[PDB]
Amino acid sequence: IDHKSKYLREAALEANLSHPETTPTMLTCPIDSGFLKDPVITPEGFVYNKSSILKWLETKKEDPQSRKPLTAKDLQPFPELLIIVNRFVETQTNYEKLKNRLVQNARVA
């Protein structure tokens, strides 16, 4: 199963269905709830930040979500996802600037 392609198309759809201010789950880190900075993908198709999943593997050598056997070698770099992440974050910031300007202008108009 091409987990990279499946994750990309699913995360992209969720991003487009999500309001610019909303934070898409598939663009976040499962165990720390923050935006993905350096995403890696597992053979199961799960995606974490590199530093976060590695810190987890120090204590327990299993996936945090499925509790199935997992090692650092199973972690494949997923830089392509950063394209989707970066575009949403930049769009979110630009929309928050627009929204604030429109609201403020309407207060005094």
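From 1 onward, residues are counted along the sequence shown.
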query	finding
Of 45 to 53 and 32 to 40, the one with larger mean CA B-factor	32 to 40
Per the entry, higher mean C-alpha B factor between 63 to 71 and 76 to 84	63 to 71
Candidate residues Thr93, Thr22, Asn16, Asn100, the one whose C-alpha B factor the record puts highest	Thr22
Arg107, C-alpha B-factor rank within chain (lowest, middle or highest third)	highest
